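Contents: one structure, followed by commentary.
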């Protein structure tokens, strides 16, 4: 349960169960890695864990966003994955805030904006 691959992270965040986020805290402190690294995001697009969380919300709410945000702010790279951006030619600038807004989910927008968020990022 300690070592989780990016597919494992995607599967955990897709279902929406927050209790399966355990073990990542020791995981990134072990190999000295961060959630912002390319080792846990899609190489082609750049979709991250938060993005995969936002692409599916059970009735406009997820309980797995808060643990991920708090673990990232505890042991993250100076950008808490909220201002980290994709490098795709088709989605150059497709921010997480944009995905939160596009799904008409105000609550996750509030969470992201109170957990630090650069609105003026290019898209």
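Methodologically, a virtual Cβ is constructed for each residue, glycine included, from the backbone with ideal geometry; neighbour enumeration extends over all protein chains shown. No lab work stands behind these numbers, since they all come straight from the coordinates.
Picking from 85, 58, 70, which is most flexible by a Gaussian network model of the chain using Cα springs under 10 Å? Highest fluctuation of the listed residues: 58. Using the Cβ-Cβ distance between residue 119 and residue 25 with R0 = 35 Å, the FRET efficiency computed as 1/(1 + (r/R0)^6) comes to roughly 0.75.
On the beta carbon distance between residue 17 and residue 79, with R0 = 35 Å, the FRET formula returns roughly 0.85.
Ellipsoid fit via the Cα gyration tensor, the chain: semi-axes of 21, 17, 14 Å, each the root of five times an eigenvalue, largest first.
Our helix-only sum for the chain, with -39,500 (n - 2.57) per DSSP H run of n ≥ 4 divided by its residues, gives a mean residue ellipticity at 222 nm of -11000 deg cm²/dmol.
Based on alpha carbons, the Rg and Dmax found for region 14-68 are 12.1, 36 Å.
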